[PDB]
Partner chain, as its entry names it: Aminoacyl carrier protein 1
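Read the single chain below, which is given as structure tokens and is the form deposited without its partner chain.
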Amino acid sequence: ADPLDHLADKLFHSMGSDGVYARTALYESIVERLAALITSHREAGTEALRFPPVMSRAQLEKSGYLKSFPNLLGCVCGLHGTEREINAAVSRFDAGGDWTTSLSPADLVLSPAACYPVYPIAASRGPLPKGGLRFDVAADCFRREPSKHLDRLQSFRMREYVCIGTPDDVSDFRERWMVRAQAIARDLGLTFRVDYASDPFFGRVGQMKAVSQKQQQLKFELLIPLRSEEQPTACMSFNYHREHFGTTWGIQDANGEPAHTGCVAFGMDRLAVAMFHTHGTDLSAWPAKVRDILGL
């Protein structure tokens, strides 16, 4: 079986859906401590925003998400019809028929990544000041990838630091964080390597997109062996978007050029699972240095 499976009893209860779990108090306390630790490394002048698990469908469309991962997107739908119509749908359900045929899309999707909503927000403020803007964002995200592996969820929490400004601003930020992220994983007693990577772009063209992204080194990941050293798990990523979002949303840097952006993302559930996989379910037995930095 999967090396992570034995962890399930202590960390999760089933909710009748693969990748969707109830968190025990033990698991939760570790997520919160990881969150606090990440917060303690926040750079000065970084604005903290917290987003709900949903976001505007129009914004997600405009962001170009359907062009990259249409297969992962969770859209919100409801019964928007007339009372007669809605009653009809319910009656089918009562009669073992299919109520869902009356669903129609809402103006909302479940967020695929924590940073998305922040770009329209930064743009509404007009031109960027010299040195750009830094944001601290989090959200419960959704990706439509059902799986029984504990490191592959459908609903998971994502925490990010986001840099918006000049190519220089973003590169400095990304470099800084690739170093600081490795220092953090060390403090946590986790084994890792950092490597160039690519997003799981969809379809045939998606294979050309990934090769290109990898060669341009626009995405690094911090990888931790969970089920094996041969196929480690990405628990953080460092993403350079170049000018995509700046152009998309009309954000201009202090030079009046289309702003560049990048983000450093922490997979909270993946990090928590890595911690338990590495140090086990008995917190009293965790290494003293680890217990100390987490303030246990």
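Numbering follows the first chain given and starts at 1.
The same protein has a further form, the form deposited with its partner chain bound, not shown here; the description that follows concerns it.
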Based on heavy atom distances of at most 4.5 Å to its partner chain in the deposited complex, which listed stretch, 221-229, 165-173, 184-192, 198-206, is the contact stretch?
198-206
Please tell me whether any heavy atom belonging to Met178 falls inside 4.5 Å of a heavy atom of its partner chain, as the geometry stands in the deposited complex.
no
Proximity of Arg242 to its partner chain in the deposited complex, heavy atoms at 4.5 Å:
yes
With the partner left out here, check for me: in the deposited complex, does some heavy atom of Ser147 sit within 4.5 Å of its partner chain?
no
Does any residue in 207-228 get within 4.5 Å of its partner chain in the deposited complex, counting heavy atoms only, and if so which ones?
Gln207, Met208, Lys209, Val211, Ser212, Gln215, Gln216
